[PDB]
Structures are given as structure tokens and as C-alpha cells.
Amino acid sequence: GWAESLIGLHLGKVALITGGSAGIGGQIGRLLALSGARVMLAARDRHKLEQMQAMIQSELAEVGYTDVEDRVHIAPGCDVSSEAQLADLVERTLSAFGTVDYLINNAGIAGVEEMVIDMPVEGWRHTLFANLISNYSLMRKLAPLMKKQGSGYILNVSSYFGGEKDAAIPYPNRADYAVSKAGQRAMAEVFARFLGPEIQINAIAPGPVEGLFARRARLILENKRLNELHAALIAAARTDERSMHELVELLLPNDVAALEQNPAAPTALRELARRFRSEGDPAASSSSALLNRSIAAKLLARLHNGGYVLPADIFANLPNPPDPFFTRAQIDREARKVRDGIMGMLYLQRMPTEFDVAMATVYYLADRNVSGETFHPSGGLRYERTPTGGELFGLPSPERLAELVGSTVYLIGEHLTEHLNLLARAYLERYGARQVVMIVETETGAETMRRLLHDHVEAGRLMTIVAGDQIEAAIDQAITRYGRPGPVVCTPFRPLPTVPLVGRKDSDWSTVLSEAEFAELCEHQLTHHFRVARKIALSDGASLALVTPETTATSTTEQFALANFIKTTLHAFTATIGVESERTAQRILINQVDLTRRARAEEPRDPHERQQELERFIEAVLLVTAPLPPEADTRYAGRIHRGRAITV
């Protein structure tokens, strides 16, 4: 009865559904098959996939389909993070059914589930490969066949937490996931004009959908302890003569009351210990002990990763606090807080089911007049939003600019030599920065910058470092030799590629952006900024401007599309890390400055307009990098000056 309006809706269509053994993907495959499509279900676990296939074939036979074994195929052991496995999947699908009509890019992993400053770089990369690069890879293999037959559909299964057009959605402790989700949407938004008229490309962005939850609440409490201890140590080290090593030594007796009562301990640590005592459960050992071995190891990793010098065995003798570190009452109160928080987002006060979200998606797939859209099959959500794309701004206050006098500035980049030169000269000549550390990618880049900045190089004001693919080690060299940075400007080392984004109908697409080229694009234009943001925040940088690629009136149409893909995708990272930093009492101000515009007609057309643009660039960078004075960083002003993006 419920399937009566579904049967026949997609008759004759061939669909490939990744992550098709469970969740929304399993339901999408089920309903597409009931609607008449022949489906290929891909997943890792063979058993789960075989059970799903059997349940679907059984339901197909129940409603009257015959030869059900020919309508539902499976591709077990398929790990979408592997390019070789994606090639095998396409070969198996085409061998079974011929040309794919619908590519349902559903497979997704949760990701690292850590704040950026605890996120391994290889972990971030793995999330991008599984959740985003896999979507491009499957489209690159299937779109040529779709265009040749004259029709096709690519559906990327994004999330509400991937943001929307002109608004980023911060997703703390999930930056890798949020970026992958936003990239899935951005891919649909920028490829639509290229894939049209033959192929439709859209995203779906569902919100939340329907023992370990107590384990997760305990992990939140352990993360909160880590954050508070790390923030206070970082803050104490800024204004104390003691080294980070000597400061960490105050924590070794692991006694909250003794730290609070120590007249010689820095104010940030004494005030923190007071908070541990006040806010703590007296039955919990976390109210009398500062940390445990697990928090201590994670704290040590943060300090080491921020270039702070400490022996690896500093916590070897740390007294072990008695169980419970956090009481069952504390853990249950945090679990209820998480639960009520999610439920509280819902305007309709009811959790959508995977079945209902899939039904709405399968009806949506019948619509032939949409491309570049993000459909919300579930929605009505109360959640923090960060609008992006504002272009009307001015210089910061003279009080914020005065804070630049005597500062250590780090500039990162290579391709944008003119921007790098003007920026170094603005900080040194106009705002009295003590020194600029120019971190480039190659020796050729280093030489070009040294020649452009010869006067400041000879005066010892401009120092150059060659990073190669080792940006973290390059920042460590800068820290040891020149001191920790105040303001940091991160531009991409590489320009955007100029290859086609789609091929001619009767061509083999041999020159079209390859799967490896798309991964390289994500590395140079997304991972680049993440690695810098992670390292600079850990290294106690005062501010960080993330700069997107430049588009001009002469940039190719493909470059405009890729630039806009990056700009949208990076906005998710900027908004997330900005909220993460703010919520955990980190000083760093992280914002994005966009050199990419949506259309050619908006770009400067003459030398006067170009001069106006370059001056706006400097003003935009100063607006986000001039440090906030002592009293100015209120709860109100703090949220304004973090996770924002402005277009030059």
C-alpha cells in the first residue's frame, strides 16, 4: 500500500549506490529497486550486503517482480577511499547492467571525530578520500557513458552540516567530515553548468536521522579537561618567564587544590584549578586530580606538535587518580545534554527515519528540471549558521593596527608573488612589524621573493624558508629561529589547473580533470590550509588568514568553477575551526579572505580597478589579522572576529 505510488517511478533505470548495505543508502537502493530500477549495492562488509540484497529481492518478489536475482546485485569488499577499488566497482557494475543512469554517491565515514588541533593529517586525508574524492572519481568514470547515451544523474549524499549556498555551518570536532560534506554540495553547484544538458547533478542534505552514548559523553568530558589544561598552559607560557617544561612540572603532583593554593603558580593555572574544584563532582577524582595518563598523553602530543620542548617521559611518574575520574552522574548529565541538544534542533520535534528520508529522495530523483541544487529531504533545524561572501568592509581600528608594531609575521605562499610582496611591505613599512618570515614551497619561489624583497632581506627584516611538502617542519624551523608568530597569512602554493571539466560527447575524455588531479586539487587547495591552521593554532599563532586562489577577468571558465568549488568547501573548514577555537578559549582568530569571485563580470577590467582590488586585499588581510587589544575580546566581539569569510 505504501509502495503503490512508488512502483514504476524509475522503471528501466540502472542505479549504483555506494554504502548500500545499511542506513539511508540501503533504503535508497531498496526503494529504487521497488520503483523499478536495477540496482548495484556497494559496501565493505559482505554479510550485511548479502542480507540487504536478500531482503530487497524478497520484497521485489512479493510485489510481483520476476527474475529478482537480475534486479539487485552486490559489490562486497568495496572501500570507496581506494581508487583501485572504485575502478573495480565501475567494471563490475557495467559488466552486470551496462551504462549507469543514476550514480548515488552515498558512502560516507564519520571521520577522525577530533578537534583540528588533535586531528592527524593522514586522518583528514583519509576522510577526504572516502567522502569527497570518491564522489568525483565515480562521476569521472560514469559521466562519459551518461553523456554518450544522452542522460544521467549524479546524486551526492551530503549533510545539513555541509552548509548551504552562501552560508557555512560550523561542525566542531568534525572539520574533516564538514569539509567533505560541503565539497559534495560544492561539486554539484560548480559541475552543473558543465554536465548540462544531458546530466543532472544535485546533492541531498538531510539533518539528523534515526551504551556507547555514555562512552561518548565521557570522551566529551575528557576532551573538555584537555582543552582547559592546554588553553591555560598556552596562555601562562605567553606572559611567564618559565619554559613550557617548567610550567608542565607544576601539574606533576596531579593535585588540583595544591595548584590553586600555590602562590608562585601562574594566575591562568590557579584560576583553572579553582574552576576544577567548583565545577567538579566531589565524588569524581577529576575534582582533586588534574589529569589521567590518557589526557596527559594527548596534552603532551598537542605541546610537542606546537613545537614546545618537553621530554617524552615527563608524565611517566604521573600519580594515577582513583576511579571514577568522572562519576556516572556527570557522564549521564553530559549524555542527556548531547541528546536534548540534537532533539532541540528539530522544529517538528520528531526524528526523521532512514526510510522516510530515502522515500523523499527517490521521489526527488524523478524531477528532470533541477541541477546544481541541494535538496533537504528532512529539515526544519535550529542551528548556528555563518553567512559567507560579504564584500563590503574597511580597515581595522588604529588600536588593532597598533598591536602589529614589533610583531613577528609569517606569510605562506608561492604562486601569488605580487600579493606576498605587497603584504610583507605593508606589515614592515606601514605597520612596523619587527620581521616577516616568508615560507615558500620551492627554492625558485624563495629566490623570486628574495629578489622582490631585496631591501628587507638585506636589512634582516625578511627571512625566507623553503617548505616543500613539509609545511609543519618549516613552521618549526621558523619558531626555533625567529620566534612564534603573531599574524599568519596562508596563501596556496599552487595555481588552479586549466584542463577541461567535462569531455565532448563522442570523445574518450582523455584530457578531462583526472581522479588523481582532483585529489591533487584537494591537497593543494584544502589540505594545505588545514595543515597550516592545525600547526599555527597548536603553535599559539595570534591570527590566521586563509586565502583562496585568485581568479581574474582572464581566468578560464574551468578555473572559475574550481576556484568557487574551493571557496565554498574551505568556508566549511574556516567556520568550523573558528567555532572550535572560540568554544575552547583559544586566542587564535581564524578567518578566510577570498580572491575568487562567482562571475567574470565582477572582476577588475583595467589597471585602476586592479589597484583598487590589491588595496582591498591588503585591507581584508589587516581586518582579520590585526590582533584584538586586551579588553576588546569579549564574548560578543570574539564570535564576530572568528570563522568569517570576506571576498576581495
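One-based numbering along the sequence shown. For the two forms, the rigid core is made up of the largest set of C-alpha atoms that agree within 1.5 Å on superposition.
For the pair 270 to 278 and 184 to 192, greater average C-alpha departure from the shown form in 6 other deposited structures of this protein after core alignment is found in 270 to 278. Rigid core superposition in 6 other deposited structures of this protein puts the Cα atoms of one stretch, out of 619 to 627 and 581 to 589, farther from the shown form on average, and that stretch is 581 to 589. Compared against other deposited entries of this protein, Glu609 counts as consistently modelled, with coordinates in all of those that resolve the residues around it and thus below the third mark. Residue-level annotation: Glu113 has coordinates in all of the other entries compared, counting only those that model residues on either side of it, so it never reaches the one-third mark. The gap between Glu210 and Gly211 holds 10 or more unmodelled residues of the deposited sequence. Checked against the record, the higher mean CA B factor of 85 to 93 and 397 to 405 lies with 397 to 405. When the C-alpha B-factors of 436 to 444 and 216 to 224 are averaged, 216 to 224 comes out higher. Ranking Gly98, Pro206, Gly152, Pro492 by the C-alpha B-factor listed in the PDB entry places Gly98 at the top.
Highest CA B-factor among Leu34, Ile618, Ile28, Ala599, as stated in the entry: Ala599. Looking at the C-alpha B-factors along this chain, the one for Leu9 belongs to the middle third. Sorting the modelled residues of the chain by their CA temperature factor places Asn317 in the highest third. Sort the modelled residues of the chain by CA B factor and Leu570 lands in the lowest third.
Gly108 sits in the middle third of its chain by CA B factor, as recorded in the PDB entry. In the PDB entry, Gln612 places in the highest third of its chain by CA B-factor.
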